[PDB]
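Below is my_file_38.txt, which holds compact mmCIF, C-alpha atoms.
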# COMPACT_ATOMS: atom_id res chain seq x y z
CA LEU A 1160 -11.05 -10.21 -43.97
CA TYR A 1161 -10.39 -7.79 -41.23
CA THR A 1162 -9.58 -4.07 -40.94
CA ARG A 1163 -9.79 -1.39 -38.44
CA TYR A 1164 -9.84 2.28 -39.20
CA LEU A 1165 -9.13 4.08 -36.00
CA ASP A 1166 -12.18 2.95 -34.02
CA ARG A 1167 -14.43 1.22 -36.39
CA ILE A 1168 -13.87 -2.42 -37.18
CA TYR A 1169 -14.75 -4.40 -40.26
CA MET A 1170 -14.90 -8.17 -40.16
CA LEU A 1171 -16.10 -10.52 -42.89
CA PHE A 1172 -17.32 -13.98 -41.96
CA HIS A 1173 -17.89 -17.02 -44.09
CA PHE A 1174 -20.19 -19.65 -42.81
CA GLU A 1175 -21.49 -23.00 -44.00
CA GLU A 1176 -24.62 -24.47 -42.32
CA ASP A 1177 -22.53 -27.08 -40.61
CA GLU A 1178 -20.56 -24.25 -38.97
CA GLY A 1179 -23.62 -22.00 -39.37
CA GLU A 1180 -26.29 -23.87 -37.46
CA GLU A 1181 -23.96 -24.24 -34.47
CA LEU A 1182 -23.32 -20.52 -33.94
CA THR A 1183 -27.01 -19.81 -34.37
CA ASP A 1184 -28.09 -22.45 -31.87
CA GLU A 1185 -25.66 -21.61 -29.10
CA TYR A 1186 -26.82 -18.00 -28.97
CA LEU A 1187 -30.46 -19.11 -29.01
CA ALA A 1188 -29.96 -21.45 -26.08
CA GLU A 1189 -28.35 -18.76 -23.95
CA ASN A 1190 -30.78 -16.05 -24.98
CA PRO A 1191 -34.11 -17.78 -25.64
CA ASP A 1192 -36.59 -15.73 -27.70
CA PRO A 1193 -40.02 -17.34 -27.97
CA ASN A 1194 -41.73 -14.13 -29.16
CA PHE A 1195 -39.35 -13.69 -32.11
CA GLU A 1196 -38.14 -10.33 -30.72
CA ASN A 1197 -34.69 -10.44 -32.30
CA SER A 1198 -35.81 -8.21 -35.11
CA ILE A 1199 -37.30 -5.43 -33.01
CA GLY A 1200 -33.94 -3.89 -32.31
CA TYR A 1201 -32.19 -4.59 -35.53
CA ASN A 1202 -30.81 -1.84 -37.60
CA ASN A 1203 -31.25 -1.70 -41.31
CA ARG A 1204 -29.43 0.82 -43.45
CA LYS A 1205 -32.18 3.46 -43.87
CA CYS A 1206 -30.65 4.83 -47.09
CA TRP A 1207 -31.52 2.32 -49.60
CA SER B 505 -65.87 -32.95 -30.92
CA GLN B 506 -65.24 -34.85 -27.69
CA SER B 507 -68.82 -36.03 -28.18
CA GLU B 508 -67.86 -37.21 -31.63
CA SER B 509 -65.78 -39.49 -29.42
CA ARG B 510 -68.96 -40.96 -27.94
CA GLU B 530 -66.93 -42.56 -15.58
CA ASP B 531 -64.10 -40.74 -13.80
CA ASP B 532 -62.10 -37.96 -15.64
CA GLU B 533 -64.79 -37.49 -18.33
CA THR B 534 -66.84 -34.75 -16.59
CA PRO B 535 -65.84 -31.06 -16.11
CA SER B 536 -68.48 -28.81 -14.56
CA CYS B 537 -69.44 -25.22 -13.93
CA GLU B 538 -72.04 -23.90 -11.51
CA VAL B 539 -74.67 -21.69 -13.13
CA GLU B 540 -74.25 -18.24 -11.61
CA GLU B 541 -77.35 -16.68 -13.13
CA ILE B 542 -80.09 -17.11 -15.71
CA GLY B 543 -81.57 -14.20 -17.65
CA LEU B 544 -84.23 -13.89 -20.32
CA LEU B 545 -83.21 -11.98 -23.41
CA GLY B 546 -85.07 -8.83 -24.36
CA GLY B 547 -82.92 -7.18 -27.02
CA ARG B 548 -81.41 -4.29 -25.04
CA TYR B 549 -82.11 -5.56 -21.60
CA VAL B 550 -81.92 -8.78 -19.74
CA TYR B 551 -84.67 -9.82 -17.37
CA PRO B 552 -83.38 -11.48 -14.13
CA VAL B 553 -84.40 -15.12 -13.65
CA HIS B 554 -84.23 -17.42 -10.62
CA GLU B 555 -84.97 -20.60 -12.59
CA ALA B 556 -85.27 -21.97 -16.15
CA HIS B 557 -87.66 -24.68 -17.38
CA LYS B 558 -87.82 -27.07 -20.30
CA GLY B 559 -88.83 -25.45 -23.59
CA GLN B 560 -87.36 -21.99 -23.08
CA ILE B 561 -84.11 -20.38 -24.26
CA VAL B 562 -82.00 -18.53 -21.78
CA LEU B 563 -78.83 -16.57 -21.10
CA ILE B 564 -76.39 -18.29 -18.75
CA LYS B 565 -73.54 -16.72 -16.84
CA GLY B 566 -70.38 -18.76 -16.30
CA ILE B 567 -70.87 -21.91 -18.39
CA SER B 568 -68.67 -20.45 -21.12
CA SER B 569 -65.20 -21.85 -20.33
CA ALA B 570 -65.90 -25.53 -21.06
CA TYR B 571 -66.91 -25.02 -24.68
CA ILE B 572 -65.90 -23.23 -27.84
CA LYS B 573 -68.87 -22.94 -30.19
CA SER B 574 -71.40 -25.73 -29.55
CA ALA B 575 -71.70 -27.93 -26.45
CA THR B 576 -74.29 -30.25 -24.87
CA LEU B 577 -75.33 -29.70 -21.26
CA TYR B 578 -76.62 -32.56 -19.13
CA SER B 579 -76.98 -33.57 -15.51
CA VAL B 580 -77.30 -37.29 -14.92
CA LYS B 581 -77.88 -38.98 -11.58
CA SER B 582 -78.17 -42.40 -13.20
CA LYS B 583 -75.58 -44.94 -14.43
CA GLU B 584 -77.99 -46.45 -16.98
CA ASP B 585 -79.41 -42.99 -17.60
CA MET B 586 -75.87 -41.80 -18.24
CA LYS B 587 -75.25 -44.67 -20.65
CA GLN B 588 -78.41 -43.87 -22.62
CA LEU B 589 -77.59 -40.23 -22.92
CA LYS B 590 -76.53 -39.09 -26.36
CA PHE B 591 -74.35 -36.04 -26.89
CA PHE B 592 -75.56 -33.33 -29.31
CA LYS B 593 -73.94 -33.52 -32.76
CA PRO B 594 -71.64 -30.58 -33.84
CA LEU B 595 -73.64 -27.85 -35.47
CA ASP B 596 -73.28 -27.98 -39.23
CA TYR B 597 -72.80 -24.43 -40.42
CA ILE B 598 -74.14 -23.62 -43.74
CA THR B 599 -70.92 -22.36 -45.40
CA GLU B 600 -67.19 -23.14 -45.33
CA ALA B 601 -64.83 -20.30 -44.50
CA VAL B 602 -62.39 -20.41 -47.50
CA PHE B 603 -61.25 -16.73 -47.28
CA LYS B 604 -57.71 -16.49 -45.79
CA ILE B 605 -56.01 -13.71 -43.86
CA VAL B 606 -52.62 -13.84 -42.27
CA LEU B 607 -52.12 -11.87 -39.11
CA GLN B 608 -49.23 -10.55 -37.25
CA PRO B 609 -49.20 -7.87 -34.65
CA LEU B 610 -47.52 -4.59 -35.46
CA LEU B 611 -45.18 -5.06 -32.47
CA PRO B 612 -44.16 -8.65 -31.70
CA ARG B 613 -43.95 -8.03 -27.98
CA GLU B 614 -47.75 -7.78 -27.82
CA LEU B 615 -48.41 -11.29 -29.05
CA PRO B 616 -50.04 -12.55 -25.81
CA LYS B 617 -52.86 -10.00 -26.17
CA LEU B 618 -53.44 -11.03 -29.79
CA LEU B 619 -53.57 -14.69 -28.79
CA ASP B 620 -56.21 -14.03 -26.16
CA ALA B 621 -58.25 -11.94 -28.54
CA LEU B 622 -58.17 -14.60 -31.26
CA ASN B 623 -59.59 -17.16 -28.84
CA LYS B 624 -62.34 -14.72 -27.89
CA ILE B 625 -63.17 -14.23 -31.55
CA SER B 626 -63.52 -17.98 -31.99
CA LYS B 627 -66.01 -18.04 -29.12
CA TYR B 628 -68.05 -15.17 -30.55
CA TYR B 629 -67.95 -15.98 -34.21
CA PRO B 630 -68.87 -19.59 -34.96
CA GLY B 631 -67.55 -19.38 -38.56
CA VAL B 632 -64.04 -18.37 -37.72
CA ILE B 633 -61.08 -20.65 -37.79
CA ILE B 634 -57.81 -19.66 -36.12
CA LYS B 635 -54.76 -21.65 -36.90
CA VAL B 636 -51.23 -21.15 -35.79
CA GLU B 637 -48.30 -21.44 -38.11
CA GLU B 638 -44.69 -22.45 -37.43
CA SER B 639 -43.80 -18.83 -37.91
CA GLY B 640 -46.22 -17.64 -35.22
CA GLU B 641 -48.43 -16.13 -37.88
CA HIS B 642 -52.11 -16.52 -37.42
CA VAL B 643 -54.18 -17.85 -40.20
CA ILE B 644 -57.73 -16.62 -40.02
CA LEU B 645 -60.50 -18.07 -42.06
CA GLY B 646 -63.80 -16.26 -42.55
CA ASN B 647 -66.69 -16.49 -44.93
CA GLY B 648 -66.14 -13.32 -46.92
CA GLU B 649 -65.03 -9.75 -47.02
CA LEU B 650 -67.60 -8.04 -44.81
CA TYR B 651 -67.51 -10.91 -42.34
CA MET B 652 -63.79 -10.63 -41.83
CA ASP B 653 -63.94 -6.83 -41.74
CA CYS B 654 -66.28 -6.95 -38.77
CA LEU B 655 -63.97 -9.42 -37.00
CA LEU B 656 -61.01 -7.13 -37.50
CA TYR B 657 -62.93 -4.12 -36.24
CA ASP B 658 -64.01 -5.81 -33.01
CA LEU B 659 -60.53 -7.29 -32.59
CA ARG B 660 -58.85 -3.88 -32.76
CA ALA B 661 -61.54 -2.02 -30.83
CA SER B 662 -63.62 -4.21 -28.50
CA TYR B 663 -61.20 -6.96 -27.47
CA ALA B 664 -57.54 -6.29 -28.08
CA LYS B 665 -56.40 -2.73 -27.96
CA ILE B 666 -53.54 -3.52 -30.35
CA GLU B 667 -52.89 -2.22 -33.84
CA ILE B 668 -52.08 -5.12 -36.17
CA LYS B 669 -50.83 -5.98 -39.54
CA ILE B 670 -53.12 -7.73 -41.91
CA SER B 671 -52.25 -9.44 -45.11
CA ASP B 672 -53.44 -9.72 -48.67
CA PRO B 673 -56.73 -11.79 -48.95
CA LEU B 674 -56.01 -15.37 -50.11
CA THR B 675 -57.73 -18.68 -50.24
CA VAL B 676 -57.34 -22.15 -49.12
CA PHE B 677 -56.45 -24.53 -51.91
CA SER B 678 -57.22 -28.19 -52.27
CA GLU B 679 -55.08 -30.95 -53.78
CA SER B 680 -56.13 -33.64 -56.29
CA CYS B 681 -55.18 -35.47 -59.52
CA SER B 682 -56.14 -37.42 -62.65
CA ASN B 683 -54.64 -40.75 -63.83
CA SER B 696 -48.09 -47.94 -60.14
CA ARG B 697 -46.85 -47.87 -56.49
CA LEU B 698 -43.80 -49.34 -54.83
CA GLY B 699 -42.90 -48.59 -51.16
CA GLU B 700 -40.40 -49.35 -48.35
CA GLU B 701 -40.40 -49.29 -44.53
CA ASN B 702 -37.69 -47.38 -42.66
CA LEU B 703 -36.76 -50.85 -41.28
CA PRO B 704 -37.48 -52.55 -44.72
CA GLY B 705 -39.97 -55.26 -43.62
CA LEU B 706 -43.18 -53.60 -44.83
CA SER B 707 -43.91 -52.69 -48.45
CA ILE B 708 -46.95 -50.74 -49.60
CA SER B 709 -48.55 -50.30 -53.03
CA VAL B 710 -51.76 -48.18 -53.23
CA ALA B 711 -53.66 -46.97 -56.32
CA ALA B 712 -54.98 -43.42 -56.52
CA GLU B 713 -58.09 -42.66 -58.54
CA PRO B 714 -60.21 -39.77 -59.82
CA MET B 715 -63.74 -39.87 -58.41
CA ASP B 716 -67.11 -39.49 -60.12
CA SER B 717 -68.46 -35.93 -59.88
CA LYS B 718 -71.81 -37.47 -58.95
CA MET B 719 -70.14 -39.35 -56.10
CA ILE B 720 -68.33 -36.19 -55.03
CA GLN B 721 -71.55 -34.20 -54.99
CA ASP B 722 -73.29 -36.96 -53.03
CA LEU B 723 -70.51 -36.85 -50.44
CA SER B 724 -70.57 -33.06 -50.20
CA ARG B 725 -74.26 -33.17 -49.51
CA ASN B 726 -74.67 -34.03 -45.87
CA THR B 727 -77.71 -36.40 -45.83
CA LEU B 728 -79.35 -39.45 -44.14
CA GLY B 729 -80.14 -41.11 -47.51
CA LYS B 730 -83.87 -40.29 -46.99
CA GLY B 731 -86.52 -40.50 -49.73
CA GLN B 732 -84.60 -41.45 -52.93
CA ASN B 733 -81.44 -39.63 -51.89
CA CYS B 734 -78.02 -41.28 -52.37
CA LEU B 735 -76.71 -42.26 -48.94
CA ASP B 736 -74.04 -40.09 -47.29
CA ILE B 737 -70.91 -42.18 -46.48
CA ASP B 738 -71.23 -41.19 -42.76
CA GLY B 739 -74.10 -43.76 -42.77
CA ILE B 740 -71.32 -46.40 -43.14
CA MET B 741 -72.09 -47.73 -39.65
CA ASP B 742 -75.17 -49.38 -41.23
CA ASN B 743 -74.72 -52.80 -42.84
CA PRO B 744 -72.03 -52.75 -45.66
CA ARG B 745 -74.56 -54.64 -47.78
CA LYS B 746 -76.78 -51.55 -47.67
CA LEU B 747 -73.86 -49.18 -48.23
CA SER B 748 -72.68 -51.28 -51.17
CA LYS B 749 -76.29 -51.48 -52.42
CA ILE B 750 -76.32 -47.70 -52.75
CA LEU B 751 -73.01 -47.70 -54.61
CA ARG B 752 -74.16 -50.48 -56.93
CA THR B 753 -77.59 -48.90 -57.38
CA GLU B 754 -76.41 -45.31 -58.02
CA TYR B 755 -73.09 -46.01 -59.80
CA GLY B 756 -73.04 -49.60 -61.10

I'd like the structure from this file rewritten - as structure tokens, please.
Amino acid sequence: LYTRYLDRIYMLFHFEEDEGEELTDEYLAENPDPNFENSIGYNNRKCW
Amino acid sequence: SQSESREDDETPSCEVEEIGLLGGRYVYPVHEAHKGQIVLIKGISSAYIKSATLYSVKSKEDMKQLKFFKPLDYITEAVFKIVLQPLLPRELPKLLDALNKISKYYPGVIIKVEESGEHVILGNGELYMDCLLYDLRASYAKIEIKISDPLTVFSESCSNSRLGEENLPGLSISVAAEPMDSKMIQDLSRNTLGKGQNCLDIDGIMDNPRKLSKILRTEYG
């Protein structure tokens, strides 16, 4: 699914591990994170 | 543990920078140390974590004779389990260093590293671990850290046949598994030389199997 309201975009993605593991791994290779720092700068929704 | 194992490559060495004689709150400077006495050494630390045996041998036969000191047998097993993570993941290197220092200073501590990068700490009990954590946050690392909910190490067992296949199906293994006699278990748990009338500890296995088997036959039928 995709929509755009003025600026903001909304995209929905459906993965299966076969497709899933690939996209994970490629990013990891090109941005290696041995300290597990991915989740420092990740934004939750505060509200809930 | 290396000693447990027992020429070129075998020997690392450190020069002894200084020797002092302990006096509680002060250390008395020493030029030389002689057999019998217990002393404080500067700079021999890096080679060993916990126990180590120090020798100087000028002789090839003398070297062959020489027997390494056995690992100290601490009275209790750690059991108590804490999982650590630093508050901020970027500070991991400091935590790692500190954990190694804690192993050096506290002989009852076990630090293990998980897949996840979490640090499993074993200590003897509440107070023990509390002191570790205090020193860790104050004296060694200067890092605030997250600490988990006190757990324990579990052990696996059973109470009462096998078929098996090699990845390249040429080998096939069948092995029975059996409950052991509580007496036997207790005998094994008790670290002993088999002295007096005492059931022989299985680590005496290097003695003749006839003797070993004699004990089993004698004590268990």

**OP:** Name all residues at most 12 Å from region 727-737 of chain B (count all atoms listed in the file; drop same-chain ones fewer than 5 positions away) and give them as a list in words.
**Re:**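 Final neighbour list, sorted by chain and number: residues 596, 718, 719, 720, 721, 722, 742, 743, 744, 746, 747, 748, 749, 750, 751, 752, 753, 754 and 755 of chain B.
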
**OP:** Hey, list the chain B side of the contact with chain A: 12 Å cut-off, all atoms listed in the file, answer as a list in words.
**Re:**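 In the required form, that comes to residues 608, 609, 610, 611, 612, 613, 614, 615, 616, 619, 638, 639, 640 and 641 of chain B.
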
Original post:
Once you count only C-alpha atoms, which residues end up no further than 10 Å from (-10.9, -9.0, -38.9) in the file's frame, shown as a list in words?
Top reply: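 I get residues 1160, 1161, 1162, 1163, 1168, 1169, 1170, 1171 and 1172 of chain A for the residues within 10 Å of that point.
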
**OP:** Please measure the separation of CA of residue 682 (chain B) and CA of residue 714 (chain B), giving the value in Å to one decimal.
**Re:** 5.5 Å

Original post:
What lies within 10 Å of residue 552 (chain B) using all atoms listed in the file, ignoring chain neighbours under 4 positions off, as a PyMOL selection string?
Top reply: chain B and resi 541-545+563

Please write the residues from the selection above to a file, keeping C-alpha atoms, as a compact mmCIF listing (two decimals), in the frame of the given file.
# COMPACT_ATOMS: atom_id res chain seq x y z
CA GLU B 541 -77.35 -16.68 -13.13
CA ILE B 542 -80.09 -17.11 -15.71
CA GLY B 543 -81.57 -14.20 -17.65
CA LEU B 544 -84.23 -13.89 -20.32
CA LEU B 545 -83.21 -11.98 -23.41
CA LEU B 563 -78.83 -16.57 -21.10

**OP:** Work out how far apart CA of residue 569 (chain B) and CA of residue 506 (chain B) are and give it in Å to one decimal.
**Re:**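 Distance between the two atoms: 14.9 Å.
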
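Relative to CA of residue 1175 (chain A), CA of residue 1188 (chain A) is found at 19.9 Å.
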
Original post:
Can you find the residues with an atom no farther than 8 Å from (-63.7, -16.6, -39.1), counting only C-alpha atoms, and report them as JSON, numbers by chain?
Top reply: {"B": [601, 625, 626, 629, 630, 631, 632, 633, 634, 644, 645, 646, 647, 651, 652, 655]}

**OP:** Excluding residue 578 (chain B) and any residue of its chain fewer than 6 positions from it, enumerate the residues within 12 Å of it, using only C-alpha atoms, and give them as a PyMOL selection string.
**Re:** chain B and resi 534-537+585-586+588-592
